[PDB]
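J.: Okay, here's the structure, questions in a sec.
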Amino acid sequence: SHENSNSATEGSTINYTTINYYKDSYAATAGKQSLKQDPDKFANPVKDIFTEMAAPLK
Amino acid sequence: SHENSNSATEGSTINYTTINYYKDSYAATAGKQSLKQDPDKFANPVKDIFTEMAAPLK
Amino acid sequence: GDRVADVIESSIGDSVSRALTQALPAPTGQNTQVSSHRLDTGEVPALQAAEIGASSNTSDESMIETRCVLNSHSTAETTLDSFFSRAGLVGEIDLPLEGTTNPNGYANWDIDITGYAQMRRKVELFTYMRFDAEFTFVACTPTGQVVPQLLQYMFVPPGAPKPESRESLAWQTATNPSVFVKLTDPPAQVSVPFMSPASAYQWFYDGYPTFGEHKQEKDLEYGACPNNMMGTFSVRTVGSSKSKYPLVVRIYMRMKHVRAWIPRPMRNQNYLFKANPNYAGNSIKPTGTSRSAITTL
Amino acid sequence: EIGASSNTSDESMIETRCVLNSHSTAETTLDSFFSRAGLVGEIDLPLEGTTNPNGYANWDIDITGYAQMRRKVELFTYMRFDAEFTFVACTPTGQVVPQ
Amino acid sequence: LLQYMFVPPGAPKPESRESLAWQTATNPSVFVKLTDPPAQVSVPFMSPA
Amino acid sequence: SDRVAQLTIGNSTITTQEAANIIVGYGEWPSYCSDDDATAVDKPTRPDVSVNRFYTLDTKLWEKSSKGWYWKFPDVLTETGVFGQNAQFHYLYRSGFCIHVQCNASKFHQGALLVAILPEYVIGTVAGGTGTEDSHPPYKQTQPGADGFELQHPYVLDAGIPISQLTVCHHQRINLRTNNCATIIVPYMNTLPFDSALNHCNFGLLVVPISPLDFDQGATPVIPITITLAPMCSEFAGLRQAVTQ
Amino acid sequence: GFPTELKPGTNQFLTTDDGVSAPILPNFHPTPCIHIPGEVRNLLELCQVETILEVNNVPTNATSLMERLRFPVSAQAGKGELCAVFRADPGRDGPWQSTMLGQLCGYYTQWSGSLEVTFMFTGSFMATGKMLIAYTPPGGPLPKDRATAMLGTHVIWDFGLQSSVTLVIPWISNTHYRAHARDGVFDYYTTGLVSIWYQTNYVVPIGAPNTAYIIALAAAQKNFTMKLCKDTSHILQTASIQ
Amino acid sequence: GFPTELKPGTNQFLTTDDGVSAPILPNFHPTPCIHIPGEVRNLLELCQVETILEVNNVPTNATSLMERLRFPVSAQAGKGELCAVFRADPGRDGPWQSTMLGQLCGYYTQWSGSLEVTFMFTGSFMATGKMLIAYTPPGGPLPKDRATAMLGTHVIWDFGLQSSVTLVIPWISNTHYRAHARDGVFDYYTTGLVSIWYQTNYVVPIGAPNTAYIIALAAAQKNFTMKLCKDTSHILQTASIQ
Amino acid sequence: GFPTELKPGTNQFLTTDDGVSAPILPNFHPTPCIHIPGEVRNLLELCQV
Amino acid sequence: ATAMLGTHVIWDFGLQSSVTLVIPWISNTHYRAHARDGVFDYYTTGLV
Ligand SMILES: CCCCCCCCCCCCC/C=C\[C@H](O)[C@H](N)CO
Ligand SMILES: CCCCCCCCCCCCC/C=C\[C@H](O)[C@H](N)CO
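Chains as they are written, first to last, in the authors' numbering: chain L, 12 to 69; chain W, 12 to 69; chain G, 1 to 297; chain C, 51 to 149; chain Z, 150 to 198; chain F, 10 to 254; chain H, 1 to 242; chain R, 1 to 242; chain U, 1 to 49; chain B, 147 to 194.
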């Protein structure tokens, strides 16, 4: 419990489930990540979103 | 407690008693199985069951 | 929008598997009850009909005069967990210095556990199997001598590039899993998941994997399930030069979390090939041994 | 032309059935894709020769000398990670020695 | 490297070093190096009586 | 109320006066594929009466020196009816079966047949006899259609596995003193919820005389055996042009 | 620097250790499992199924290997003759090797419980007869006559509608468990003999065939148990697979 | 002197072990992280982006490598001719190697789910036409005519305001997951074919050009998943970097 | 990577150590025990005869 | 093999010496007139 928060994800929205036997958090396991996706960020990056049914160009 | 349910029996009626030091459940021990039998499935697979005393062909 | 009665009263779309059976707990052997003489008509528990295809539902309480026996014998050793969680030889790879098989410091061995008869016949009792595994690599010299040598055990799944030599660039194991060991150290031991695209492996595939006309040219495809081809296990001597210790790696596989479906007749004839239930038709052997007369033992 | 991708489905384009997908998205994480130890360097300490014949060798850290791990990180432009290095020392023949 | 195989009654005894009973598919076996400590296995009460 | 049976499915009907009972294979009735178990998103066609009905393949003659025959499923029904066109026109397939085998003879004939269902009945070869050749069986012999193929070495079922232990699979016995029919109801058996009917065969149907037929001359020497089989709970998916093999 | 001391049993590979090994693949989730029918949960499901006990293990050539699954029943002189005899020892080399019970018991060293033997008459409907199927417990030599065999356990089976009788070979042993008999000292574990005698005769009218056959079908019961898994012995292999 | 016993799996380096290693630097706190845009959290974000599927993989020389990203559409004789055909197998050597889906799937061994193929018309506004884009499931040979191809899945696409249609190649497989097809036994894992046929014709007025081009753009869907990470095979390297 | 340090007394076989060894046979249940008469529980029963 | 595709029964001789085949009503029309040679073959019921 007494250990330095000094990994490269301290200050990230995702929470991990790690094992560590040291005071340095970057020595811990890779753990399990959170399963959260954002495909809209790369695949539909438009200011004015449009639906499936809507023909986009009116 | 935080570990992936990723063994080849996750989704089986039988419950195990395993030991694991990893997050991968397929690394765990073989454990103890449940002692449940179904000999009727191979030995008396008939639509119309008949008793011991009943002569089967009436 | 269902209106006619020929579709309201239907059983189409009934996905629930209707079973006649029910698995009940049998931790111990069945106990025996006390039985007496019966001198009655109508009820005949000894006369059966094997024509039905079922087995005899008779007892010894119905056929002899018995005593109360409390059976405390456990059914825990006939489980698949106990019957299969016993590490057996599934492969054996030689890395000689010279010769004809692998004289160039590396060897690929396509995974089939059907090269040694002792573990094959024990899994070929069933048609479908779904298990995790634990492989174990026992590396040594032909003489059994242990030597100070470093090895690399790479798993090459399907699609991935097989290594053509010892200094090939596939040994870099960036995404492929690999293991490094010294032979002065204990045997390696990794645990493996169920890695097939199907819900179970199957040692017998009655059919062809490819479409198209089936001639004598490509007749060797009969029986090949690609849902069982988990790939290739490669091994080299880690180095830029030729080793001086000949080596033999033996692979010992142990199942865990076993499930199995559809038992089969066990083989009574000798295996001859891998993934092929062929036999010598000239030398057919009975599955037992003989007598000279049926009245004399 | 908008630059976005198709928001279509198979529910909109064919007649489909209810499929309950129980396939996990846990193996496409960066944790799983990159937590696989790969070769990034290789140093030789020969006895004679031209490279390092004097019992020492310096190797400036760049993990861009072997194509298998390079191309896998050069898929991205920025990366922030901890690491775990592992040093597998041996003779050219693979022989292990007391050194 | 040695192999310590337990061959119960009924099971096939090995006739040579390269015999096929050493595959230890159901029989229990132990592999050891002699540079390592002595092996040590625990055993149950295995008699029919 | 057990030796008589009327099997009615579709526009077909089999009456029996000398039955034993009906075997339900592995204690499971045929069924349709759940949404949990399915993976293909296409909506499958479920034709309920045009393919779920009894078909009648051909007759085999039980002579004295008969050795046995096998029929591979669903190769029996790929050139027969509305079933065998949908199987051609589609890529996937899923059905159970109700097999029915008829052999009628007098009360002065005697004999027994074993009628067994062996899943994934892979066929072996004699390896040239010597055991040196890695020969493979032809397509005539692997998938022989509805005219079946006869066994050369029925003790080992032409696969190296013994006939004696075949009663661990489904089976009934046709004892000419006791019965002349054998009804086995088979579910769908595969690792996959769906598979192609033209490449993969799910099981084989073995018919083997364990006891030889015997009669005194004067009687009728011709004793046929007819296989009669119904798909059950059939499903098809993946529609493209028709292909035969 | 947690101090420890390494004990004997280190750096040994025991093939029957139920331990934790290291995974190769992280966050792998396997293909989900569907309902496949025929899930075997215990091998004592397969020991209760009746399979063919080949008593007539006389022939050796290729064509007559189908003769080995049925033993004949002709008409005799009515003097209570002997039809057939066979030992009741499953793991022993004989008729039971042709049975699943006799092949799974090779993978185990000790067995205990009652057995079933089912005989089915494969003759004409007009054929009729009666047979005495006796179980002679241990100590009993081969009986020379039927009056010596009835003293053991027996059934009398009249052919009729139901073509099948079952003889239960009951558990009679000094020991709780019983190992595999063979020649010599391991004769301590014999289960006994089973013998079949003509009670009356095999009676047949004009026209029907004067000879029939009986098919034996052996199994086990709900009280059967096996123990101490080994590697089988009554099947061997010529080396050099492929 | 806590007694222990060392098991197999000791002194081995497995490259895929998620364990604890020893730090070199104590009490090091790294540089804090800022909001950088474009955080990738899963690679199935990059499999849903449409990238160019180069069907016209005919040229080989240097100048005509830009010809390989668009396939032409001229005017025909109206007999329902064939324009183009390509397999629907992403991991297989062909048009999909030019796609991110076809390059990330090389790093995995098994895939499952539906695919998208988007075709965009790059012709004149006065140009008009109709095409049939068929998906022929497995078993289907190469269709010789359009009437054989409509029996599969298909769309009919009329050029107009919206220059783009999408064909969803739906998930039709016996297996839950599907590995990488190739010549021989691994043809069990083929996904099928995709073929494009002139429904009517490519109609054009006076003055406008008598030939156009179509640009294919392939992606995946929200139900797509990959499994069992491996090392890619359809890119190799000549050794001796620098 | 739980750090440990190995102490003296390692890789030694002491014949009088009451420790845990590895089993060869999993899920083996032995033959049950009956009432046999004459159970010796201590050798100071036999020194009084 | 061509005839089983229609409606059928399989009849085993035994105790009950009689089977019945129901020829079911399969017609496009509600009512059906008397067949004969020529145009009135539109009203055939089939074969047995
Ligand atoms: C670091 C090395 C790890 C090696 C892991 C190897 C993975 C093997 C998984 C087990 C596969 C089960 C056996 C395969 C199937 C059958 O034996 C044949 N292919 C079909 O007859
Ligand atoms: C006791 C020895 C410990 C050795 C520790 C080495 C520290 C290395 C930290 C990882 C650095 C990441 C990779 C470096 C950046 C890039 O590869 C290149 N420099 C830029 O192309």
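The beta carbon of each residue, even a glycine, is placed where N, CA and C say it ideally should be.
#1: So if DSSP puts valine 117 of chain H in a beta bridge, which residue, or which two residues, is it bridged to?
#2: Look up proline 25 of chain G in the DSSP assignment and say whether it is helix, strand or coil.
#3: At which residues does the beta strand (DSSP E) containing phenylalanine 159 of chain B begin and terminate?
#4: What beta strand (DSSP E) runs, 3 residues minimum, are completely inside the segment 201-246 of chain G?
#5: Just to confirm before moving on: does the CB-CB distance between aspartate 81 of chain C and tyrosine 37 of chain L stay below 8 Å?
#6: Give a yes or no on whether 8 Å exceeds the smallest Cβ distance from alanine 87 of chain C to chain R.
#7: Which of the three DSSP states is assigned to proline 56 of chain L in this structure?
#8: What's the gap between the Cα of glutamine 103 of chain R and the Cα of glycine 144 of chain G?
#9: Going along the chain, which residues of the segment 169-186 of chain G sit with their C-beta nearer than 9 Å to a C-beta in chain C?
#10: Less than 8 Å between CB atoms is the rule here; does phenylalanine 83 of chain C satisfy it with respect to chain R?
#11: Can you list the beta strand (DSSP E) stretches of 3 or more residues lying completely in the segment 71-110 of chain H, in chain order?
#12: Closer than 6 Å is what we want: which residues have a beta carbon that near any heavy atom of ligand 2? List them in chain order.
#13: When you compare only the Cα positions, how much space is there between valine 131 of chain F and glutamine 269 of chain G?
#14: Please classify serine 64 of chain R as buried or exposed, where buried requires at least 16 neighbouring CB atoms within 10 angstroms.
#15: Counting only runs of 4+ residues fully inside the segment 153-229 of chain F, write out the alpha helix (DSSP H) ranges in chain order.
#16: Can you tell which of F/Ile219, F/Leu201, F/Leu185, F/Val217 has the C-alpha that lies nearest to the C-alpha of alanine 28 of chain F?
#17: Give me the Cα-Cα distance between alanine 26 of chain G and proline 137 of chain R, rounded to the nearest whole angstrom.
#18: Using a Cβ-Cβ distance cut-off of 8 Å, determine whether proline 23 of chain H contacts chain C.
#19: I need the DSSP call for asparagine 176 of chain G, collapsed to helix, strand or coil.
#20: Using a Cβ-based criterion (distance less than 7 Å to any ligand heavy atom), does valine 235 of chain G qualify as near ligand 1?
#21: Can you give me the C-alpha to C-alpha distance between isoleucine 24 of chain U and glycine 34 of chain F, rounded to a whole angstrom?
#22: Taking Cβ-Cβ distances shorter than 8 Å, what residues in chain C pair up with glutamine 149 of chain G?
#23: Whose Cβ in chain F lies nearer than 9 Å to the Cβ of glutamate 65 of chain C?
#24: Have a look at the DSSP bridge pairing and note the partners of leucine 14 of chain H.
#25: Report the residue ranges of all alpha helix (DSSP H) runs contained in full by the segment 55-133 of chain G; include only those spanning at least 4 residues, in chain order.
#26: Do the segment 213-225 of chain R and the segment 115-134 of chain R meet, that is, are 3 or more Cβ pairs less than 8 Å apart?
#27: Got a sec, what are the start and stop residues for the alpha helix (DSSP H) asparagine 95 of chain F sits in?
#28: Does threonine 118 of chain H come within less than 8 Å of chain R when only Cβ atoms are used?
#29: May I ask you to check if the CB of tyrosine 201 of chain G is nearer than 7 Å to at least one heavy atom of ligand 1?
#30: Could you check what DSSP says for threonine 24 of chain L in three-state terms: helix, strand or coil?
#31: Note down, in chain order, every chain U residue with its Cβ under 8 Å from the Cβ of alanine 76 of chain G.
#32: Output needed in chain order: residues of the segment 29-47 of chain L with a Cβ under 7 Å from some Cβ in chain R.
#33: Evaluate contact between the segment 161-180 of chain Z and the segment 193-207 of chain F, counting only Cβ atoms and requiring at least three cross-stretch pairs below 8 Å.
#34: Could you check whether the Cβ of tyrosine 208 of chain G sits closer than 8 Å to any Cβ belonging to chain Z?
#35: Could you check whether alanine 200 of chain G and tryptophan 261 of chain G sit closer than 8 Å to each other, using their CB atoms as the reference points?
#36: When the cut-off is 8 Å and only beta carbons count, does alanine 280 of chain G lie next to chain R?
T.: Here's the rundown:
#1: DSSP, once it has assigned bridges, lists H/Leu167, H/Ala218 as partnering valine 117 of chain H.
#2: Three-state DSSP puts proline 25 of chain G in a strand.
#3: If you look at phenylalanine 159 of chain B, you'll find it isn't in any beta strand (DSSP E); DSSP assigns it neither H nor E.
#4: 232-237, all fully within the segment 201-246 of chain G.
#5: Contact: no.
#6: Interface residue, yes.
#7: Reduced to three states, the DSSP call for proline 56 of chain L is coil.
#8: Each residue's Cα considered, the two are about 45 Å apart.
#9: Going along the segment 169-186 of chain G in chain order, one finds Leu169, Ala170, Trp171, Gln172, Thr173, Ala174, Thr175, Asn176, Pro177, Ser178, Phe180, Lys182, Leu183, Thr184 with a Cβ nearer than 9 Å to chain C.
#10: At least one beta carbon of chain R lies nearer than 8 Å to the beta carbon of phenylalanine 83 of chain C.
#11: Whole beta strand (DSSP E) segments, 3+ residues: 71-74, 82-87.
#12: Ordered by chain, the residues meeting the criterion of a beta-carbon within less than 6 Å of a non-hydrogen atom of ligand 2 are C/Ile111, C/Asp112, C/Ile113, C/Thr114, C/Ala133, C/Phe135, R/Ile24.
#13: Answer to the nearest angstrom: the Cα atoms are 15 Å apart.
#14: That one is exposed.
#15: Secondary structure in the segment 153-229 of chain F: no alpha helix (DSSP H) run of 4 residues or longer lies completely within the stretch.
#16: Selected option, being the one with the closest Cα: F/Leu185.
#17: Cα-Cα distance, rounded: 48 Å.
#18: With 8 Å as the cut-off, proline 23 of chain H does not count as an interface residue toward chain C.
#19: Here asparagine 176 of chain G sits in coil by DSSP.
#20: Placement of the Cβ of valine 235 of chain G at a distance of 7 Å or more from every heavy atom of ligand 1 is found.
#21: When rounded, the distance between both Cα atoms is 39 Å.
#22: The answer, in chain order, is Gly144, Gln145, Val146.
#23: In chain order: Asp51, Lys52.
#24: DSSP lists Z/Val179 as partners of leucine 14 of chain H.
#25: The qualifying runs are 80-84, 117-123.
#26: Yes, they touch.
#27: Here the alpha helix (DSSP H) through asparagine 95 of chain F covers 92-98.
#28: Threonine 118 of chain H does not count as touching chain R.
#29: Yes; taking the cut-off as 7 Å, the Cβ of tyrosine 201 of chain G has a heavy atom of ligand 1 nearer than that.
#30: Here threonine 24 of chain L carries a coil assignment [DSSP, helix/strand/coil].
#31: Within chain U, the residues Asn27, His29 have their CB atoms less than 8 Å from the CB of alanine 76 of chain G, given in chain order.
#32: Residues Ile30, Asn31, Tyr32, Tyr33, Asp35, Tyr37, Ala38, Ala39, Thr40, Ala41, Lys47.
#33: With the cut-off at 8 Å, the segment 161-180 of chain Z and the segment 193-207 of chain F do not touch.
#34: Output row for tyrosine 208 of chain G: interface = no.
#35: For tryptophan 261 of chain G and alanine 200 of chain G, yes; Cβs fall inside 8 Å.
#36: Output row for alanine 280 of chain G: interface = no.
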